[PDB]
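Undergrad:
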Amino acid sequence: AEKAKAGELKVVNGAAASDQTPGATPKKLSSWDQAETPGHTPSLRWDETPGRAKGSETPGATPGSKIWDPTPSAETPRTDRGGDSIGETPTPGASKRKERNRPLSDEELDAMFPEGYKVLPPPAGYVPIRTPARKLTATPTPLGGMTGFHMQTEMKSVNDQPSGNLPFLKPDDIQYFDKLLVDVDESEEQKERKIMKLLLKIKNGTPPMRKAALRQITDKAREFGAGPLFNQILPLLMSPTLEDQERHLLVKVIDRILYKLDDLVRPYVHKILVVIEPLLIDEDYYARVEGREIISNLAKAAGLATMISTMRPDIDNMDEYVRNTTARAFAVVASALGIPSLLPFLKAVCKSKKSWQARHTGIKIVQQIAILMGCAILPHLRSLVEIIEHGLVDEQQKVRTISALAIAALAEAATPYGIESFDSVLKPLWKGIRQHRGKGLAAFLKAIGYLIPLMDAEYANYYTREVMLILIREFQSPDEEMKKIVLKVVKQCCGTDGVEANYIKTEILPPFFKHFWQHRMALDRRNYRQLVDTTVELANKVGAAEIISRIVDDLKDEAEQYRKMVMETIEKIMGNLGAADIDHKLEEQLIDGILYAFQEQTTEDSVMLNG
Amino acid sequence: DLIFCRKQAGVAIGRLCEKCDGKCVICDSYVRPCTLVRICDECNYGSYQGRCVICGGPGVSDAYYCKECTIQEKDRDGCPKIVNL
Amino acid sequence: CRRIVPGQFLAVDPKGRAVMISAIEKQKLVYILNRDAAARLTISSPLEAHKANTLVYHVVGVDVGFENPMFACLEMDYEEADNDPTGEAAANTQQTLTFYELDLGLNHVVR
Amino acid sequence: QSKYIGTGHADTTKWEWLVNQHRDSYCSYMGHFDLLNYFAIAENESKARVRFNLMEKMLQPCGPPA
Amino acid sequence: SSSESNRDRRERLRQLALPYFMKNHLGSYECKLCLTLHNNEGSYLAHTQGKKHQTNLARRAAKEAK
Amino acid sequence: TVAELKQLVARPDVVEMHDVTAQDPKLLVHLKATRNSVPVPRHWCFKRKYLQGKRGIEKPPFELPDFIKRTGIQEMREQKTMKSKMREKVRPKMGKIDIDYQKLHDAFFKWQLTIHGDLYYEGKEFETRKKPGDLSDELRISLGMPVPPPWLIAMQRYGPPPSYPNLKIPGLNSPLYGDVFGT
Amino acid sequence: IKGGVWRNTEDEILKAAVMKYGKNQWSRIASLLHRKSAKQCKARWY
Amino acid sequence: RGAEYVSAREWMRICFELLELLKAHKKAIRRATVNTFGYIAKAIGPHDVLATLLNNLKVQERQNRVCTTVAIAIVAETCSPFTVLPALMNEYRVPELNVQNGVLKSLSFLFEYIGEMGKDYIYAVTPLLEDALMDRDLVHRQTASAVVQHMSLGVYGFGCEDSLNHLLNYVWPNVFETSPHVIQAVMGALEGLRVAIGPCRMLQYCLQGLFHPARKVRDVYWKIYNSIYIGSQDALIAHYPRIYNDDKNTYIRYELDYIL
RNA sequence: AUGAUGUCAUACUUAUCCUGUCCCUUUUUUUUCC
Ligand SMILES: [Zn+2]
Ligand SMILES: [Zn+2]
Ligand SMILES: [Zn+2]
Ligand SMILES: [Zn+2]
């Protein structure tokens, strides 16, 4: 198989001929670890990645040399990104040598506007007026001019959308629906686009019109085909003025038509995802679950190789936005078609030697797979780790940070099992724990944090006792990311059965209530919750009267949200441990605290009452 | 859009919220609670601890199957925790 | 009594860690056993060995002391026989002996 | 339904349906101690050899397909 | 309940204005010429008050008169 | 061939028009004639969607089992102005039915179809179960014969009917009790 | 909300109602129809 | 709980006030409502209050009518339905259709709640189901079929199967339709009938439909045959008929022909 | 004597609905000073 190494030089030469893309090559070679298993499937997938034409040529020649050696013992798409980055280097470079307003060319001019329009000169002279216009925008604005009106007695054409009804058009949407306005009728495809304005009935109108329209377009899917639809939709779902509802509804029609169309969507897949991937990152939750759903339906609807070969060029894209949302995309498609099918792609990506941004993306993909799949990662956990491990030592920083973070997400979905799979990862991490300043440090603390519950109370005894020091020292950083991490950490480390009470009581609690309990935290949401939880667990170990006894005095504090916080904390605490531990005086302060806080209620909520 | 996950049935007890509390899952009925619900920790984990099998709120009780689904033996299939698609 | 439903063949580890139950075809399940805090027996959640279109002649526990448990499953595949109109796969098809390995840490059952 | 073996459909062939009911009959024979013992009585063999011949006939029965 | 009164009142009004319309063994109204079923007699009556129902009576008129 | 296919079956009558187009007639021939199995309903190849209201408009609304009729609830159930309805709320009277709990503990205990070889299809009601040899009561009354119907005296002379050749009617070749004088 | 397109059923029922009750009682005729008022019934007649 | 402290007149007024609480847009309201209506049904006794239920105009759809139906059920439980049925069965006579299908539902929920006790009343309901299952309009076949279902689960094992076979006759033609609610209804129906009657009779209705030339019949009878197949696959063995062996294949299972 | 095409219209179904819900979108050129 060393002739699969020199043979990797051969394949690199041939595929490089048919330049420089590392990914497809490592995808090709990625079938070697199964060796003697590899089969015709490698022709299918690669069929989409390069030209399906050369596909039969390369895969065929590969099986010949492979079987022989054993016995004796889209391109345009990527071509565009290269030119895009090269122009970026040209312009960026020029300023050093030295936006949307950059002058344009007639082919670029023919690129924007749709079919059926003519360019006009009226004169050569009026054109010379347009050329002097720049000079005369300064010159003739500094000259005599004015307007006036005379009193004289006085046809008025216009168009709404008439036929029978045609529910109303917003003043902007005309640009899209103008073709419907003209009343020319009854004389092929132009009549399918014309009748496809039933979209307008879905967008605006009465709810019944939306319903009936929606069905009518569902049953016409197979008829009209995906091309005309998406051609007439994606502009709308791309509209700058788009509503909330209208968005959601167009999402619905995209789903319902994608329950039917299967082989048809292959050309449009990317052309879909570009609009849809912004749904994954959103403030609305229901928008996110919808988005994940429709990308699931799309990826499963299309083919694996369709998705893969589609989505490569977005990995190295300059903007990180598309890289990120693209990572969540791979998460969704991987939930669709399963981890093992998509593994060799990834495992090829994280070893890409071109540039770091790729590896950063792929690692983020590992993470978002960890979040999405969650508990179900379990079988392939080992292979995944074996992928990610090589980034922890990389020279670039990001890759290290996001890497260890992805380990965190894994272990958190790995809740206790598979400890030895993380095994080889540890020894570097602990070492890094020493030497790091800034965010990466905190990230490591996140990872190690989720790890510790998965270790043995003996090994984790030592290792834990080591983590406690840095954990102490790092309470004081102003970083809120920091405080989140170290907070949840304190939960897991100090919520360990193998930790001694008195040590926490002395070393931890005083700084804990000092720095962590403040009015910066409580006003925030996540910090609020997580703080509640951590405090609850510390109570779960050191006991009740301590924690409560220290936080009672704050029931009487001015602000609400803070009072709400300590109130729900007391609630959960006395919920678990029981009130038996509480002494007398502190109980007087309790009841008085609870009445007092209850007597001033700015909002209506259960927390005070259930409390 | 809404369908069962049907992962293998474990020993974890089902948890229903306020809303779904009385419903037998499959028959949608309140009649004759008899046997008990089991779903996999793959479906029930973490933020899903004591989560509703349906809406996603905290479970205040445990779902009981009807006698109807009992004799038809449907309670023995994959874990009936509904997943949105 | 079913074709795909377990209970047919039954095996267990010498150390009693995990008991493996199996049907004749398609379904081989595993229950892991550990005594509680009081040393009273508690049973885990199931696992899945599922392998499509595979007949199981017999299943026998295997001895590995304090290891990831092993299981000896006699198997055969008829998928070769159904797609072979000639009848060659009726002969020239040998029953595959496979050892599954339970893995506690990874908590699944891999071939 | 699909992942439940024995599932039929409109295109189901004779051969597949009957080989199904065959194999299911054989799993019943492996299942019921008595009926098995009846077989051992009638044609004289061990319980073992009976079950063995059956397990041989699991994949074949009716022979090759069409 | 007010809704119940309308159902009663729109049956009687379609009884007054009313020889073809009837009520089946269920409650629905039917035109015995056209064999159509009507949700409400008035709604049914309009079909009964329509120009198609008219024709099919004439066609059956001729078809009997021959 | 639909011809020769009819030689391979014990009851080839089971083979029908579209049967010759079957993907596996060489079996379906052997199934459809299985001992106790029942035929497929006939409403398909009729495009009428299984029913119309022609014969269904002459049916009675319903009629109770005699066990429920003797009880006496039928007469109890049978009208009201609106203000009497709001008076029926303000006034209200109790115990209009006043059933006998002894009686409705009696009837369904003390006092209280088809076999498998039958299945219903669209238009079938009375006919199969008026036949040559079987008539209704009243028409007996118009005929006025005390307990053969007398034109089966002339079914002696002129011969057995062409229309129902299989015929037997009492006393001639059919060696009769109550109404039914021929089978 | 009440406003909308006129229906053959509403229109025929309007014929019968106008025949029975007479021209000057509109509120009585609007009572039988749904989703229509007395003014609309009168102006729809005339 | 107490229920004695208050005189009956007050109660029946409470009833006539409770009747329109069923316009609630919330499900829990109707919940408590129906259960209460059962309680006061115990406080008074059946006939009057079930008559007051049968007063209902049916005027709107769900949102709700069928809640009144549920009240008819629970009322029929609270004191023996052994009393109540004749009134209802008589009230199917009324020519108004939606209340006819209403009382059909009342039978459905009725058997669902009574369970075992239906070992008697099956007979009483049998001919009426005949009249209902014989189709005036689809909802009759549907709801009546649901009744056959819950009856079929309830009576299981007590030896009444005969009349259930008779009703299965009239059930059987409804197999064909594209309406989702009636087809899924019929599915539930034939499933309950599967467990009650036993598979053998089912399969004897499902044989010929498997291989029939048409696509429709095969689609459906194979759907049914699957429903019969998944459950009780163990008990089907005996009932597969004798199928002769062709050239390349031996279709006779000779094991069953070994004779001592 | 019920085929197809129509955005006419009305009934009807599903103990469906109407109160649940915010929790891992936190994404940037590493950068908090005895
Ligand atoms: Zn699951
Ligand atoms: Zn819920
Ligand atoms: Zn149920
Ligand atoms: Zn008509």
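Residue numbers (this note's numbering), protein chains in the order written: chain L, 10 to 620; chain G, 998 to 1082; chain R, 22 to 132; chain A, 16 to 81; chain V, 12 to 77; chain H, 40 to 222; chain X, 323 to 368; chain D, 13 to 272.
The C-beta atom is built at its ideal place from N, Cα and C for all residues, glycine as well.
Taking all protein chains shown into account, decide if residue 188 (chain L) is buried (16 or more other Cβ within 10 angstroms of its Cβ) or exposed.
TA: Position 179 of the first sequence holds residue 188 (chain L). Residue 188 (chain L) should be labelled exposed.
Undergrad: Between the alpha carbons of residue 554 (chain L) and residue 595 (chain L), how many angstroms are there, rounded?
TA: Position 545 of the first sequence, counted from the first residue, corresponds to residue 554 (chain L). Position 586 of the first sequence, counted from the first residue, corresponds to residue 595 (chain L). If I take the Cα positions, the gap works out to 8 Å.
Undergrad: Name the chain A residues that come within less than 7 Å of residue 47 (chain R), Cβ to Cβ?
TA: Taking the third sequence and counting its residues from 1, one reaches residue 47 (chain R) at position 26. In chain order: 20.
Undergrad: Does at least one heavy atom of ligand 2 sit under 7 Å from the Cβ of residue 1054 (chain G)?
TA: Position 57 of the second sequence, counting from 1, holds the residue named residue 1054 (chain G). Answer for residue 1054 (chain G): yes, Cβ within range of ligand 2.
Undergrad: Quick check: is the beta carbon of residue 20 (chain V) nearer than 8 Å to any beta carbon in chain X?
TA: Here residue 20 (chain V) refers to the residue found at position 9 of the fifth sequence. True, the Cβ-Cβ gap to chain X drops below 8 Å.
Undergrad: Tell me residue 1033 (chain G)'s beta-bridge partners as DSSP assigns them.
TA: On the second sequence, position 36 is the one that residue 1033 (chain G) refers to. BP columns for residue 1033 (chain G) point to G:1061.
Undergrad: Do residue 143 (chain H) and residue 223 (chain D) come within 8 Å of each other at the CB atom, strictly closer than that value?
TA: Taking the first residue of the eighth sequence as 1, we reach residue 223 (chain D) at position 211. Taking the first residue of the sixth sequence as 1, we reach residue 143 (chain H) at position 104. No, Cβ-Cβ distance for residue 223 (chain D) and residue 143 (chain H) is not below 8 Å.
Undergrad: Nearest-angstrom Cα distance between residue 351 (chain L) and residue 1035 (chain G)?
TA: In the first sequence, residue 351 (chain L) corresponds to position 342, counting from 1. In the second sequence, residue 1035 (chain G) corresponds to position 38, counting from 1. Near 32 Å, if we compare the C-alpha coordinates of residue 1035 (chain G) and residue 351 (chain L).
Undergrad: Between residue 387 (chain L) and residue 89 (chain R), how many whole angstroms is the CB-CB distance? I'm expecting something under 8 Å.
TA: Within the first sequence, the letter at position 378 stands for residue 387 (chain L). Within the third sequence, the letter at position 68 stands for residue 89 (chain R). Not quite, the Cβ-Cβ distance comes to about 15 Å (not below 8 Å), so this is no contact.
Undergrad: With 16 as the cutoff for other CB atoms within 10 Å, does residue 40 (chain V) come out buried or exposed?
TA: Stepping through the fifth sequence from its first residue, residue 40 (chain V) is reached at position 29. Buried, because 16 or more other Cβ atoms sit within 10 Å of the Cβ of residue 40 (chain V).
Undergrad: If we count Cβ pairs, one from each stretch, closer than 8 Å, do we get three or more for the region 40-52 of chain H versus the region 68-76 of chain H?
TA: Touching, per the Cβ criterion.
Undergrad: Per DSSP, which residues does residue 43 (chain R) bridge with? Please list them.
TA: Here residue 43 (chain R) refers to the residue found at position 22 of the third sequence. Looking at the DSSP assignment, residue 43 (chain R) forms a beta bridge with R:30, R:49.
Undergrad: Using a cut-off of 9 Å between C-beta atoms, extract the partners of residue 67 (chain R) located in chain G.
TA: Working through the third sequence from its first residue, we reach residue 67 (chain R) at position 46. By Cβ distance, chain G contributes 1005, 1006, 1007, 1008, 1037.
Undergrad: Between the region 415-438 of chain L and chain R, which residues of the former have a C-beta closer than 8 Å to a C-beta of the latter?
TA: Hits within the stretch, in order: 426, 427, 428, 429, 430.
Undergrad: Is residue 135 (chain D) near ligand 6, judged by its Cβ being under 7 Å from some heavy atom?
TA: Absence of ligand 6 is noted for the structure shown, with ligand 1, ligand 2, ligand 3 and ligand 4 being the only ligands found.
Undergrad: Could you list which residues in chain D have their beta carbon closer than 7 Å to that of residue 113 (chain H), in chain order?
TA: On the sixth sequence, position 74 is the one that residue 113 (chain H) refers to. Within 7 Å Cβ-Cβ: 102.
Undergrad: Does residue 38 (chain V) get closer than 8 Å to chain X when you measure Cβ to Cβ?
TA: By one-based count along the fifth sequence, residue 38 (chain V) stands at place 27. Answer no: the Cβ-Cβ gap between residue 38 (chain V) and chain X never drops below 8 Å.
Undergrad: Identify every residue that forms a DSSP beta bridge with residue 173 (chain H).
TA: Locating residue 173 (chain H) in the sixth sequence gives position 134, counting from the first residue. Its beta-bridge partners are H:170.
Undergrad: Just curious, the beta strand (DSSP E) that residue 243 (chain L) is in, first and last residue?
TA: For the purposes of this step, residue 243 (chain L) is identified with residue 234 of the first sequence, where counting begins at 1. Here residue 243 (chain L) belongs to no beta strand (DSSP E); instead the alpha helix (DSSP H) covers 235-246.
Undergrad: Can you find a C-beta in chain A that's less than 8 Å from the C-beta of residue 23 (chain R)?
TA: On the third sequence, residue 23 (chain R) is found 2 positions in, with the first residue counted as 1. Yes, residue 23 (chain R) lies at the interface with chain A (some Cβ there is under 8 Å from its Cβ).
Undergrad: Helix, strand or coil for residue 260 (chain D)? Go by DSSP, reduced to three states.
TA: Your numbering for residue 260 (chain D) matches position 248 in the eighth sequence. Of the three classes helix, strand and coil, the one that applies to residue 260 (chain D) here is coil, per DSSP.
Undergrad: Under 7 Å between beta-carbons, which chain G residues line up against residue 83 (chain L)? List them in chain order, please.
TA: Taking the first sequence and counting its residues from 1, one reaches residue 83 (chain L) at position 74. None at all; the shortest Cβ gap to chain G is about 30 Å.
Undergrad: Mind listing which residues of the region 102-132 of chain D have their C-beta closer than 8 Å to chain V's C-betas, in chain order?
TA: Those would be 107, 108, 109, 110, 112, in chain order.
Undergrad: Counting only the same chain and skipping the five closest in sequence on each side, list residues whose C-beta sits under 7 Å from that of residue 216 (chain L).
TA: Residue mapping note: residue 216 (chain L) aligns to position 207 of the first sequence, counting from 1. Same-chain partners within the cutoff: there are none.
Undergrad: Please report the residue range of the beta strand (DSSP E) in which residue 93 (chain R) lies.
TA: Locating residue 93 (chain R) in the third sequence gives position 72, where the first residue counts as 1. First-last of the beta strand (DSSP E) with residue 93 (chain R): 91-98.
Undergrad: DSSP state of residue 197 (chain H), grouped into three classes?
TA: Stepping through the sixth sequence from its first residue, residue 197 (chain H) is reached at position 158. Looking at residue 197 (chain H) - three-state DSSP - the assignment turns out to be coil, as it is neither helix nor strand.
Undergrad: Using a Cβ cut-off of 7 Å, pull out every chain H residue sitting near residue 253 (chain D), in sequence order please.
TA: Here residue 253 (chain D) is taken as the residue at index 241 of the eighth sequence, counted from 1. Those within 7 Å of residue 253 (chain D) in chain H are 73.
Undergrad: Keeping to the same chain, check which residues put their C-beta closer than 7 Å to that of residue 34 (chain D); ignore five residues upstream and five downstream.
TA: Along the eighth sequence, read from residue 1 onward, the residue named residue 34 (chain D) stands at position 22. 42, 45, 76, 79, 80.
Undergrad: Short of 9 Å Cβ to Cβ, which residues in the region 191-211 of chain D face chain A?
TA: Hits within the stretch: zero.
Undergrad: So, for residue 249 (chain L): in the same chain, excluding its five sequence neighbours on each side, which residues have a beta-carbon less than 7 Å away from its beta-carbon?
TA: What you label residue 249 (chain L) is simply residue 240 of the first sequence in a count that begins at 1. Excluding positions up to five away in sequence, the list is empty.
Undergrad: Would you check if the distance between the CB atom of residue 552 (chain L) and the CB atom of residue 506 (chain L) is smaller than 8 Å?
TA: For the purposes of this step, residue 552 (chain L) is taken as residue 543 along the first sequence, with counting starting at 1. For the purposes of this step, residue 506 (chain L) is taken as residue 497 along the first sequence, with counting starting at 1. Contact flag unset, no.
Undergrad: For residue 41 (chain A), does the three-state DSSP call read helix, strand or coil?
TA: By one-based count along the fourth sequence, residue 41 (chain A) stands at place 26. Three-state result, residue 41 (chain A): helix.
Undergrad: Closer than 5 Å is what we want: which residues have a beta carbon that near any heavy atom of ligand 3? List them in chain order.
TA: Qualifying residues, in the order they occur: G:1021, G:1023, G:1024, G:1063, G:1066.
Undergrad: Check whether the Cβ atoms of residue 497 (chain L) and residue 539 (chain L) sit closer than 8 Å, and answer yes or no.
TA: For the purposes of this step, residue 497 (chain L) is identified with residue 488 of the first sequence, where counting begins at 1. For the purposes of this step, residue 539 (chain L) is identified with residue 530 of the first sequence, where counting begins at 1. Cβ distance < 8 Å, so residue 497 (chain L) and residue 539 (chain L) count as in contact.
Undergrad: For ligand 1, any of its heavy atoms closer than 7 Å to the Cβ of residue 502 (chain L)?
TA: By 1-based counting over the first sequence, the position of residue 502 (chain L) is 493. No, ligand 1 has no heavy atom inside 7 Å of this Cβ.
Undergrad: The beta strand (DSSP E) with residue 34 (chain V) in it runs from where to where?
TA: Counted from its first residue, the fifth sequence places residue 34 (chain V) at position 23. It spans 32-34 - the beta strand (DSSP E) in which residue 34 (chain V) sits, taken as one unbroken run.
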